[PDB]
Amino acid sequence: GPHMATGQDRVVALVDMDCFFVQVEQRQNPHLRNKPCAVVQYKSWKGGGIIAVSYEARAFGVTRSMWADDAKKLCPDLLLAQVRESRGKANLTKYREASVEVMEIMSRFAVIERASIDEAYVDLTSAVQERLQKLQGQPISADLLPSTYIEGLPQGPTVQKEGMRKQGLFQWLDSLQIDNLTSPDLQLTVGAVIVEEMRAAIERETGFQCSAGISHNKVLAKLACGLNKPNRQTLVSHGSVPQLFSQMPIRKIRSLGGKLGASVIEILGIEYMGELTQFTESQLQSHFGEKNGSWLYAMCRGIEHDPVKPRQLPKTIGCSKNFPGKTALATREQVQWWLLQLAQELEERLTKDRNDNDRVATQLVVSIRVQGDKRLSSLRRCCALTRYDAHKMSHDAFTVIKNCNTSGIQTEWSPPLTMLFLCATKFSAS
DNA sequence: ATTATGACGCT
DNA sequence: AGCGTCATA
Ligand SMILES: [Ca+2]
Ligand SMILES: [Mn+2]
Ligand SMILES: [Mn+2]
């Protein structure tokens, strides 16, 4: 009872850009705004692979991973923007730089954890305490939450979406105890006021719209974010968790979308996150290991303690290229030329990184895939990274992989390489 | 022949 | 250290 921790100590948000690469291209090219459009890389093979899709195009059934020729079958008027190509490969610099724009704005409000190119977690606990004492016990107006959904509301004793949104918000605010500066629900609510402000600043200063989730931890914040996209934010309270989880497929929770989630379902004979509450912590630890068991036991009750890490910059800087089907690299000269292309982009990104961020990578990781191997990576070897020099980096990468060549004929490369990957790691301040 | 990434956990 | 898992545009 009185000693049962409820995982309500923190206010955590997850902010995630709507259709991000698409918005980046739409900002640049006004002709693409408010249209079914997608971002594609390469073109020769089946029109190129789609990697981002506007909400107008999703309405036609267009998705990520789709070939553009196939997408055009669903949506003949689909507009396309192509990822830049440099040194013979897709180059994602425009999107990385747009990401920095957004991350720097978010960082004005709080410490952030960069979680991907288009999203960050925010620990708003301190900021909330500040805003609360500023408010002086003043109630929170619905006007301060113009894009916020309260998950699970309205409930109990209008047929429009915005009307439903306002109805739930009214019920929520009607119920709040705004005179208790330690109420978790009030704290979340103030968190949501701050995220409205964060999201308004992002849109004002970049043109980009985003969604957000506000809860007590990262997993719930991430889940919440997706509940009402695009261009909206969702508050998931501790109290909303039982109903939310009662019909929530296990695979929807972050880290459970893969093999572990599949095993939870198979071994326990369940489908929904809520069904996990009926197992003891020891039971879950027996099936899924000590760490996962404890994590599952708390997570299904809406509790998780993973901190928002203070990290705005990526820990690694990498360059990779697949060489699929018949384009697999079969000659030493071929392997060396592409190692050089990768190494040249890597040097460019590393040099910019060193100037912007006062750090230097110290380790070069080289990874390849060989034709026929089921796995995404066949081999991963490291060597020292002592100078930002593309020719040296590619020569070194060749050295650490050159013995992988089955061929007695040195000029030939067998088995042919279906992937090359160069990654700079182990940064030190400089 | 989705591709190009990026973080973290295991042994 | 090298491998595997899970994730996102
Ligand atoms: Ca997104
Ligand atoms: Mn995202
Ligand atoms: Mn996505």
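Every chain is numbered from 1, with letters handed out A, B, ... down the list of sequences. Every heavy atom of this structure was used, including side-chain atoms; hydrogens, water molecules and symmetry mates were not.
- Residue A:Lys259 has a polar side-chain atom (N or O) positioned under 4.0 Å from OP1 or OP2 of C:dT5.
- The CD1-P distance, from A:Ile317 to B:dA4, rounds to 18 Å in whole Å.
- Within 4.0 Å of A:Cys319, counting heavy atoms only, lie sugar-phosphate atoms of the nucleic acid but no base atom.
- When the P atom is compared between C:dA9 and B:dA1, the two are found 25 Å apart, to the nearest whole Å.
- Contacts of A:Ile50 with the nucleic acid, taken as non-hydrogen atoms under 4.0 Å apart, include base atoms.
- In this structure, the CE atom of A:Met419 is 11 Å from the P atom of C:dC3, given to the nearest Å.
- Phosphate proximity of B:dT5 to A:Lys321: absent, as no side-chain N or O sits under 4.0 Å from OP1 or OP2.
- Within the 4.0 angstrom heavy-atom criterion, no nucleotide atom of any strand lies near A:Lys46.
- At the phosphate of B:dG6, OP1 or OP2 sits under 4.0 Å from a side-chain N or O atom of A:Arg96.
- Contacts of A:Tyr42 with the nucleic acid, taken as non-hydrogen atoms under 4.0 Å apart, involve only primed sugar atoms and P, OP1 or OP2.
- Side-chain contact annotation: A:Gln129 with A:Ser126, donor-acceptor N/O pair under 3.5 Å absent.
- Closest to the side chain of A:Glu345, out of B:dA1, B:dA4, B:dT5, is B:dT5.
- Atom CG in A:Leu260 sits roughly 11 Å away from atom P in B:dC10 (whole-Å rounding).
- Residue A:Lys291 places its side chain closer to B:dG9 than to any other of C:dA9, C:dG2, B:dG9.
- Out of B:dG6, B:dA1, C:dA9, the shortest distance to the side chain of A:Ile117 is found at C:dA9.
- Comparing A:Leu256 and A:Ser378 by the nucleotide of DNA chain C that holds the closest heavy atom to each, the one mapping nearer the 5' end is A:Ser378.
- A:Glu113 has its CD atom 16 Å from the P atom of B:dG6, to the nearest Å.
- Note on A:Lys222: only backbone sugar-phosphate atoms sit closer than 4.0 angstrom, heavy atoms only; bases stay farther off.
- Nucleotide B:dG9 holds its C1' atom 17 Å from the CZ atom of A:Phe288, rounded to whole Å.
- Within the 4.0 angstrom heavy-atom criterion, no nucleotide atom of any strand lies near A:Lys326.
- For A:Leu364 and C:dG2, the CG to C1' distance is 15 Å, given to the nearest whole Å.
- In this structure, A:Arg64 reaches the bases: a heavy-atom distance under 4.0 Å links it to at least one base atom across the strands shown.
- Dashed line: the shortest gap from a side-chain N or O of A:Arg349 to OP1 or OP2 of B:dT5 is under 4.0 Å.
- Look at CD1 on A:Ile51: it is 15 Å from P on B:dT2, rounded to the nearest Å.
- Under the 3.5 Å distance criterion, with hydrogens and angles disregarded, no donor-acceptor pair is assigned to the side chains of A:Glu151 and A:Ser240.
- Using modelled atom types, one finds a donor on one side chain and an acceptor on the other under 3.5 Å when comparing A:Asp18 with A:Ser211.
- OP1 or OP2 of B:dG6 has not a single side-chain nitrogen or oxygen of A:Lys315 nearer than 4.0 Å.
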Q: Evaluate the salt bridge (charged side-chain N to carboxylate O under 4.0 Å, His left out) criterion for residues A:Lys73 and A:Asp70: first the C-alpha distance (whole Å), next the side-chain angles of each, then the deciding distance (0.1 Å), finally the verdict.
A: CA-CA 5 Å; A:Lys73 305 176 181 167; A:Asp70 296 333; 2.8 Å; yes
Q | Verdict with supporting geometry, A:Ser147 and A:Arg199, side-chain hydrogen bond (donor to acceptor under 3.5 Å, both in side chains) | A | CA-CA 10 Å; A:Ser147 59; A:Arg199 293 178 47 248; 2.8 Å; yes
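- Base engagement by A:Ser65 is indicated by at least one non-hydrogen atom pair under 4.0 Å involving a base atom.
- Here B:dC8 is the nucleotide among B:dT3, C:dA9, B:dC8 with the atom lying nearest to any side-chain atom of A:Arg311.
- For A:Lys89, the side-chain atoms get nearest to B:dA4 when compared with the rest of B:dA4, C:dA9, B:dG9.
- Among the heavy atoms of the strands, none lies under 4.0 Å from A:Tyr95.
- Contact annotation: A:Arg254 does not reach the phosphate of B:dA7 (side-chain N/O to OP1 or OP2, under 4.0 Å).
- Heavy-atom distances to DNA chain B give each of A:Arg114 and A:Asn292 a nearest nucleotide, and the one nearer the 5′ end belongs to A:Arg114.
- As judged by a 4.0 angstrom heavy-atom cut-off over every strand, A:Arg251 is placed among residues making no nucleic acid contact.
- To the nearest angstrom, P of C:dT8 lies 12 Å from CG of A:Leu223.
- In terms of phosphate contacts, A:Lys374 brings no side-chain nitrogen or oxygen within less than 4.0 Å of OP1 or OP2 of C:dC3.
- Residue A:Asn322 has no polar side-chain atom (N or O) positioned under 4.0 Å from OP1 or OP2 of B:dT2.
- Note on A:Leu342: nothing from the nucleic acid sits closer than 4.0 angstrom, heavy atoms only.
- A salt bridge does not link A:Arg254 to A:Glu304: none of the charged side-chain nitrogens sits closer than 4.0 Å to a carboxylate oxygen.
- Contact annotation: A:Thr316 reaches the phosphate of B:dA7 (side-chain N/O to OP1 or OP2, under 4.0 Å).
- Contact between A:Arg10 and A:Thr125 at its shortest, heavy atoms only, is CA-OG1, 3.3 Å.
- Checked by atom type, the side-chain pair A:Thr148/A:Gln233 shows a donor-acceptor distance below 3.5 Å.
- For A:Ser320 and A:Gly325, each mapped to the nucleotide of DNA chain B holding its nearest heavy atom, the one lying further toward the 5' end belongs to A:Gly325.
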